[PDB]
């Protein structure tokens, strides 16, 4: 009964428009001339038009604390795009793998990111009807100014009625896809390693995965000093199980993570972030 409409932003209101990246399309940064804030813009064909509008509708409907906030839609004959909040700290991929820029990523912050990814996905799954992301990667887990999570890219997302394959369950070559992706992300967050490092061809990964092989769990990838190592390994191994029926719900995953997050005092999250600056 209470309906909020997504604003239409005239393209001419986006000042200092600059290229960022390219992929479910091109990302550019800008400032809104009237709102005085920094924004991000994700931008001829008719079928491609419906796709951008579909994504915008999904982001607008799926608004929550751990979902990338949509500010409006650019819907002009000359230009079509999605306006969102600008995320100054990039993606989780950049945080994990830029080891020169980030020598230390403290455990409290790693656990908080993992908790917020699960909170964000759980919300999507609890919607009516449930929304299934179906394209979770470290690349589309964005980080705001204080390194809080914002889930982006709802291009492959589906209402319950390409690129990299390392986050894709073997049966995809389902309400149990996002958990598989999450298990791989957890492994990657705790190891700062690229899954299947020794693999030349992505087909060799697809073959290994279909045979039940997974990123390695040993002392080298996951050192014995990782807080709650046993519990995290259990979560990872259940999450990426060959049998989808054996993978947990996000609820179960969240009930598992809540006692872990309670072991960290609030100031340790602040200290982890200042260490990155």
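Positions refer to the first chain, counted from 1. Under this definition, the rigid core comprises the largest set of C-alpha atoms superposing within 1.5 Å between the forms.
Visitor: Fitting on the rigid core only, I'd like to know which of the two stretches, 178 to 186 or 163 to 171, ends up farther away in Cα terms in 6 other deposited structures of this protein.
Guide: Farther from the shown form on average in 6 other deposited structures of this protein: 163 to 171.
Visitor: Determine, for 221 to 229 and 25 to 33, which one has C-alphas that on average lie farther from this form in 6 other deposited structures of this protein; superpose on the rigid core first.
Guide: Of 221 to 229 and 25 to 33, the stretch deviating more in 6 other deposited structures of this protein is 25 to 33.
Visitor: Among other entries of this protein with both neighbours modelled, does residue 208 go without coordinates in a third or more of them?
Guide: Result for residue 208: never missing in the compared entries.
Visitor: How about residue 44: is it missing from at least a third of the other entries compared?
Guide: Yes, residue 44 lacks coordinates in at least a third of the other compared entries that model both of its neighbours.
Visitor: Which fits the stretch between residue 43 and residue 44: none, 1 to 3, 4 to 9, or 10 or more deposited residues lacking coordinates?
Guide: The entry has a gap there, with 4 to 9 residues left out between residue 43 and residue 44.
Visitor: If the chain runs straight from residue 161 to residue 162, say none; otherwise bin the unmodelled deposited residues as 1 to 3, 4 to 9, or 10 or more.
Guide: In the deposited sequence, 10 or more residues between these two have no coordinates.
Visitor: Using only the Cα atoms and their B-factors as the entry lists them, report which of 244 to 252 and 215 to 223 averages higher.
Guide: Higher of the two, by average CA B-factor, is 215 to 223.
Visitor: Which has the higher mean CA temperature factor in the PDB entry, 87 to 95 or 110 to 118?
Guide: Higher mean C-alpha B-factor: 87 to 95.
Visitor: Quiz for you: based on the deposited Cα B-factor, which of 124, 73, 105, 184 is highest?
Guide: In this record, 73 carries the highest C-alpha B-factor of the candidates.
Visitor: Within this chain, which third does the Cα B-factor at residue 258 fall in: lowest, middle or highest?
Guide: Lowest third, going by the recorded CA B-factors of the chain.
Visitor: Taking the values exactly as deposited, rank residue 238 by C-alpha B-factor within its chain and report the matching third: lowest, middle or highest.
Guide: CA B-factor rank for residue 238: lowest third.
Visitor: Tell me, lowest, middle or highest third: where does the Cα B factor of residue 207 rank within its chain?
Guide: Middle third.
Visitor: Considering only modelled residues of the same chain, in which third does the CA B-factor of residue 149 rank: lowest, middle or highest?
Guide: According to the entry, residue 149 has a C-alpha B-factor in the chain's lowest third.
Visitor: Select lowest, middle or highest to describe the third in which the CA B-factor of residue 188 falls within its chain in this entry.
Guide: Its C-alpha B-factor, which the entry lists for residue 188, ranks in the lowest third among residues of this chain.
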